[PDB]
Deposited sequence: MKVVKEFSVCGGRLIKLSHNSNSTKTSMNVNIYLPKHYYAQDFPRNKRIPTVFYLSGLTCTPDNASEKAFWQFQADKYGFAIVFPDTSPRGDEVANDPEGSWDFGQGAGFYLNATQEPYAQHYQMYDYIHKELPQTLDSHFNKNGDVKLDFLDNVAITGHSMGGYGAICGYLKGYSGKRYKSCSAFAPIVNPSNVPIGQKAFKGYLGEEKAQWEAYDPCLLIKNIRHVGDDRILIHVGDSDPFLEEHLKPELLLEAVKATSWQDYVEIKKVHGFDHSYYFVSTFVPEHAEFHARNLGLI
């Protein structure tokens, strides 16, 4: 893992890293913010700094959310690290949308393990995020926990990947906390999701659809999914349709445990995301035992 660039921000440091990925077979870019706690003189030996993984939306790189969501202030506030993965494999060797669009191909992996050629070669974003990356960060830094006491969140395509990873890992307690911002919640039933699934996967889709996954996953204790979405989000009725997760949990053990806050006047933008980052941070902090 190479340090490409470091920025002091708040009391910690935002680090731009790269590494040769075994899942993607390409160089991958990742950012991590390390909180003030990591640089502090007295950090207790019987504590670990837990990690939040923030998954970005379509066309994004790690830098968009790093610059525009202000997680760094929350990170110092509660004592967690936050990791910002990229959104697809990238490179001259990596397949693109044959239609030359932005909703598929590069910047648009949909957090899936692709089975269809030519994408299967590089598009192993599910193993990348849940299997390789935490271990890679662990080998490089190890104060920090990338593997155990970990939260997952993200925006749009990323809230989708977040919810999806949380649910598929739920019996193993893979993630201790799950939130999302304007997620795509039922990919199988929405145009954007169907193109990603047809393209990357070619019945294989069910394993990647939160609305189908959640129904037979036995809810435990007080666990819940925090969602925010703006009612002025221009993608809301065609792509996101959050109401669909609500409907999916009716008469199900998850029924009272998916909280969608639909927030009047708000967008899809990082103006929206930055506004709800404080609440999501405190939600993740409590689930991580920081407060």
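- In this chain, the deposited residues that lack C-alpha positions fall in the ranges 143-147, 208-210.
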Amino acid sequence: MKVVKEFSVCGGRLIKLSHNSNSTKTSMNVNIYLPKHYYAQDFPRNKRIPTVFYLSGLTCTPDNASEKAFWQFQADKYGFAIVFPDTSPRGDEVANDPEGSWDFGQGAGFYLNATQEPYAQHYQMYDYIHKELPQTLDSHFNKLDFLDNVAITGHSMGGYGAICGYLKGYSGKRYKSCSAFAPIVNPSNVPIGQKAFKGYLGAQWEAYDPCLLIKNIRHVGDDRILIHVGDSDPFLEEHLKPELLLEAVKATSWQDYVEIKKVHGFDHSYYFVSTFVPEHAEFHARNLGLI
From here on, numbers count along this sequence of modelled residues.
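- Averaged over Cα atoms, the B-factor as recorded in the entry is higher for 23-31 than for the other of 23-31 and 55-63.
- Higher mean CA temperature factor between 183-191 and 85-93: 183-191, per the PDB entry.
- In the PDB entry, the Cα temperature factor peaks, among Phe141, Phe104, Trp71, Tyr166, at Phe141.
- Per the deposited record, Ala203 carries the highest C-alpha B-factor of all listed residues (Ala120, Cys211, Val150, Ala203).
- In the PDB entry, a CA B factor belonging to the lowest third of its chain's modelled residues is recorded for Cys178.
- In the deposited entry, the Cα temperature factor of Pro134 places it in the middle third of its chain's modelled residues.
- For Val220, the recorded CA temperature factor ranks within the highest third of the chain's modelled residues.
- Among the modelled residues of the chain, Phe43 sits in the highest third by CA temperature factor in this PDB entry.
- Ranked by Cα temperature factor within the chain, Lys77 sits in the middle third according to the deposited record.
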